[PDB]
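S.K.:
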Amino acid sequence: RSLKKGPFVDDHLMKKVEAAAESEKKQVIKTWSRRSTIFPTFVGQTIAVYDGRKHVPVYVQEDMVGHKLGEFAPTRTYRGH
Amino acid sequence: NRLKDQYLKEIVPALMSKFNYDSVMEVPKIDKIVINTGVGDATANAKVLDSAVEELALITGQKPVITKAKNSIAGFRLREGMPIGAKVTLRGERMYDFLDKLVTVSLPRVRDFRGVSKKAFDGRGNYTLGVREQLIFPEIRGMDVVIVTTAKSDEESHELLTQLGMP
Amino acid sequence: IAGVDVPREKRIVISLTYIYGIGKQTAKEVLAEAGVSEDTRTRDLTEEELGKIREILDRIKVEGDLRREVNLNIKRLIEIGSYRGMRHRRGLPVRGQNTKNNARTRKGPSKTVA
Amino acid sequence: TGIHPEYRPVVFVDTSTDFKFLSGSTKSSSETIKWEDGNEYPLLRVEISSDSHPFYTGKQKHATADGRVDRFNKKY
Amino acid sequence: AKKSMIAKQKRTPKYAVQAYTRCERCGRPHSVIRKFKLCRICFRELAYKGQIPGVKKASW
RNA sequence: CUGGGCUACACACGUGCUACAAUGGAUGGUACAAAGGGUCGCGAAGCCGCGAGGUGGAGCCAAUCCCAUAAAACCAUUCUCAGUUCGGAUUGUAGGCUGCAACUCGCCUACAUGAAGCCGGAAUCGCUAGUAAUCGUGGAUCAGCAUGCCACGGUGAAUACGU
Ligand SMILES: [Mg+2]
Ligand SMILES: [Zn+2]
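Protein chains in written order, with full-length UniProt numbering: chain A, 3 to 83; chain B, 2 to 141, 150 to 176; chain C, 4 to 117; chain D, 3 to 78; chain E, 2 to 61.
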């Protein structure tokens, strides 16, 4: 939702990120929602974003906020041509 | 003058009561500071050396003395007498002043300043700070900031530097 | 004069544009607010509103910070680990356009065959 | 003498809590404040000092502009 | 994998955007004309016979 | 069924679009076409935002209402042969619209940046009159997305000895 009435955080990931306050961020969250904007509450938690082949763990920082939780797991793997 | 005032007014008796020294001058005290830049990447460049010269002069207030290469080593195409790296020493009244400008203006500007562990001591007391950029300086690559103290060991240095307020 | 020896011959509307951060449009609002007319050549300014012109530019961003601000943001995403900055680092189109042909300005001039 | 570049002890204050710190540098600071008549050095604009830094004395979540604060000011 | 598809298209998809169109005499998904709901190569071989009322070859 | 790819990039080829400027760029005023599309659609007036747009609901199953300002051309002022007031790619920020959703992977707006390029070697293409050249408009496909495609009109030539 790039309009004035956003943003889009999927109902699946948002609920799981909230309840991860008990585990002291020790546990990981594995969700395939490559389309949820990283809310400020996500900071400190880890998400196991999907990438077509296998999950790739990302550690949400302070500066990652504002971007979509899939902007850090490249989906096509190219090396040295 | 403020740092010397705080040190002699309160820090000296604090250390004395912490360790129950015999006389007054057995208390560890800051002795010297050495500022090294280590521009060994200047294998053939010249303006890099000069630029570091005015950079360190502005940071300090004195002209740095670039150091000739200690020996000629082929792995870095280094030849004898090649001026590599710079050194500046602040002694006397500059010692607290540079420290203050660092800790109240320069150090707080560090983005993720979580300090260095107590493990980074030589075992005698002299502490080296490895700063990562020149933009942290209030006026404007990697380098090191050492501190020379009259401390006989490391823990006393740790307590006195914490008395100065920094980790 | 205002930060760089902006051309003497050119009219002020054009001349301001040589500042990094002033184009055809922002320059127009500056000269409207200050009061200077648009068609003055710079060699014959009043030198009194010239003090007023630089008074306005004090408020607006100029070549000093805009040069660093753009670089201080391209150097942020290149460190976090974004795809957008990953393209920056290896010299490829940032925005999502194609690269089978016709990507040379980012990629650099066309190297010979390989 | 002569070689040493220009230097001047000056006056610093924290812009957040007026934590005045008397120090020195080579910068003009383009100021003149009559604090402590006879040593009316130029003040220098600075960020929040270690006198109020979060990691230093009082830990607190403070947004250093942009990042987490730009959202809170448009989505709310 | 065709007769499975022609079934899917007649089943309402989860979100209304997925809905799409196909010819009926064929399953061809490309080049369907909305007024007749027929593909581009049923509308041809059928308007010859004279069963699409009102349609004829257009000289000009 | 979710997620990814068909949209990758050392490079080679084909079809096109915008250019290198004064017969031009920028600003202001201003006259003239046709063919088309519209009922789970077309959506005016007024008001707001510089803008993309928002709100609003008039009229219409249409020779009745709507899309819908035609742009070139024309008349004024200005710039003065310059890598520029040409050119617009690349890039940063802040936004608008559709849709459960715009990171891979959309179109558009404003401010900023402002690259190559100064008529293009070998060789190659189209065109015989409302034709070439040049400027806009409509439609299918379609929630949204064309520099392609299919149609429409506005201004409008030079040359054709001869096989
Ligand atoms: Mg569809
Ligand atoms: Zn068919």
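The beta carbon of each residue, even a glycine, is placed where N, CA and C say it ideally should be.
Give, in chain order, every residue of the segment 51-77 of chain D whose Cβ lies closer than 8 Å to some Cβ of chain A.
M.R.: Listed by position along the chain: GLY69, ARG70, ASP72, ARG73, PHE74, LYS77.
S.K.: For ligand 1, any of its heavy atoms closer than 7 Å to the Cβ of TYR16 of chain E?
M.R.: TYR16 of chain E Cβ: outside cutoff for every heavy atom of ligand 1.
S.K.: Between the Cα of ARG87 of chain C and the Cα atoms of A:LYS7, A:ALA22, A:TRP34, A:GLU73, which residue gives the shortest distance?
M.R.: When each option's Cα is compared against that of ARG87 of chain C, the closest is A:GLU73.
S.K.: Given 7 Å as the limit, tell me if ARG29 of chain E has its C-beta closer than that to any heavy atom belonging to ligand 2.
M.R.: Result yes, Cβ under 7 Å from ligand 2.
S.K.: What would DSSP say about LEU136 of chain B, mapped onto helix, strand or coil?
M.R.: DSSP places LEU136 of chain B in coil when its eight states are reduced to three.
S.K.: Within the continuous alpha helix (DSSP H) that includes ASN37 of chain B, where are the two ends?
M.R.: From DSSP, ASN37 of chain B is part of no alpha helix (DSSP H) but of the beta strand (DSSP E) over 31-37.
S.K.: Under the criterion of a Cβ to heavy atom distance below 7 Å, does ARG26 of chain E qualify as lining ligand 2?
M.R.: Yes, the Cβ of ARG26 of chain E comes within 7 Å of a heavy atom of ligand 2.
S.K.: Looking at the strands, I want to know which residues DSSP matches up with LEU130 of chain B.
M.R.: Answer is B:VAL154, bridged to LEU130 of chain B.
S.K.: Using beta-carbon positions only, say whether residue 86 of chain A and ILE40 of chain A come within less than 8 Å of one another.
M.R.: Here chain A covers residues 3 to 83 and nothing more, so residue 86 of chain A does not appear.
S.K.: Residues of the segment 28-47 of chain D in Cβ contact with chain B at a cutoff of 8 Å, in chain order, please.
M.R.: Within the segment 28-47 of chain D, the qualifying residues are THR28, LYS29, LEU46.
S.K.: Excluding sequence positions up to five away, which residues of its chain have a Cβ less than 8 Å from the Cβ of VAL49 of chain B?
M.R.: For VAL49 of chain B, where only same-chain residues beyond five positions count, the Cβ hits under 8 Å are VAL40, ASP42, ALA43.
S.K.: Mind listing which residues of the segment 43-62 of chain B have their C-beta closer than 7 Å to chain D's C-betas, in chain order?
M.R.: Those would be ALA58, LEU59, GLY62, in chain order.
S.K.: Any heavy atom of ligand 1 closer than 7 Å to the beta-carbon of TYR80 of chain A?
M.R.: Result no, Cβ not under 7 Å from ligand 1.
S.K.: Between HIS57 of chain A and chain C, is any beta-carbon pair separated by less than 8 Å?
M.R.: No, no contact with chain C.
S.K.: Please name the residues in the segment 35-67 of chain A whose beta-carbon is closer than 7 Å to at least one beta-carbon of chain D, in chain order.
M.R.: If the cut-off is 7 Å between Cβ atoms, the segment 35-67 of chain A has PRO42, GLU64, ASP65, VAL67 near chain D.
S.K.: Let me check you understand the geometry: is the CB of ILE53 of chain E closer than 7 Å to at least one non-hydrogen atom of ligand 2?
M.R.: Checking every heavy atom of ligand 2 against the Cβ of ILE53 of chain E, none is found closer than 7 Å.
S.K.: Which of the three DSSP states is assigned to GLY67 of chain C in this structure?
M.R.: Three-state DSSP puts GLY67 of chain C in a helix.
S.K.: For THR28 of chain D, which residues from the same chain have a beta carbon less than 8 Å from its beta carbon, with the 5 sequence-adjacent residues on both sides left out?
M.R.: Contacts found: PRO7, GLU8, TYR9, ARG10.
S.K.: Under 7 Å from any heavy atom of ligand 2, does the C-beta of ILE77 of chain C make it?
M.R.: False, no ligand heavy atom lies under 7 Å from that Cβ.
S.K.: Is any heavy atom of ligand 2 found at a distance shorter than 7 Å from the C-beta of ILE7 of chain E?
M.R.: No.
S.K.: Taking CB distances under 8 Å as the criterion, tell me whether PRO76 of chain A reaches chain D.
M.R.: Output row for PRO76 of chain A: interface = no.
S.K.: Is the beta carbon of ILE42 of chain E within less than 7 Å of some heavy atom of ligand 2?
M.R.: Correct: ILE42 of chain E has its Cβ closer than 7 Å to ligand 2.
S.K.: Measuring alpha carbon to alpha carbon, tell me which of B:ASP113, B:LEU130, B:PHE114 ends up nearest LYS120 of chain B.
M.R.: Answer by Cα proximity: B:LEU130.
S.K.: Closer than 8 Å by C-beta to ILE34 of chain E: which residues in its own chain qualify, once you throw out the five before and the five after it? Chain order, please.
M.R.: Result list for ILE34 of chain E: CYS40, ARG41, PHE44, in chain order.
S.K.: Going straight from the alpha carbon of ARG14 of chain C to that of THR43 of chain C, what length do you get?
M.R.: Each residue's Cα considered, the two are about 6 Å apart.
S.K.: To the nearest angstrom, report how far apart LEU24 of chain D and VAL111 of chain B are at their CA atoms.
M.R.: Their backbone Cα atoms lie some 21 Å apart in a straight line.
S.K.: Per DSSP, which one or two residues make a beta bridge with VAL13 of chain D?
M.R.: DSSP, once it has assigned bridges, lists D:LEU24, D:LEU45 as partnering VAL13 of chain D.
S.K.: DSSP beta-bridge partners for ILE50 of chain D?
M.R.: In DSSP, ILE50 of chain D forms no bridge with anything.
S.K.: Tell me the DSSP secondary structure of residue 149 of chain B in three-state form.
M.R.: Here chain B is numbered 141 followed immediately by 150, so the structure offers no position for residue 149 of chain B.
S.K.: Using a Cβ cut-off of 8 Å (strictly closer), state whether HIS14 of chain A contacts chain C.
M.R.: Not an interface residue.
S.K.: Pop quiz: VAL155 of chain B and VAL66 of chain B are said to be a contact at Cβ under 8 Å. What is the actual Cβ separation, rounded to whole angstroms?
M.R.: The pair is not a contact, with the Cβ atoms about 16 Å apart (cut-off 8 Å).
S.K.: Taking CB distances under 8 Å as the criterion, tell me whether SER18 of chain D reaches chain B.
M.R.: Not closer than 8 Å to any Cβ of chain B, the Cβ of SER18 of chain D fails to qualify, so no.
S.K.: Establish whether the CB of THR90 of chain B and some CB of chain D are separated by less than 8 Å.
M.R.: With 8 Å as the cut-off, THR90 of chain B does not count as an interface residue toward chain D.
S.K.: Let me check you understand the geometry: is the CB of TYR49 of chain E closer than 7 Å to at least one non-hydrogen atom of ligand 1?
M.R.: No, Cβ of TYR49 of chain E sits at least 7 Å from all heavy atoms of ligand 1.
S.K.: I want to check one thing, is the minimum distance from the CB of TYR21 of chain E to the heavy atoms of ligand 4 below 7 Å?
M.R.: Annotation note on ligand 4: not contained in the displayed structure, which lists ligand 1 and ligand 2 as its ligands.
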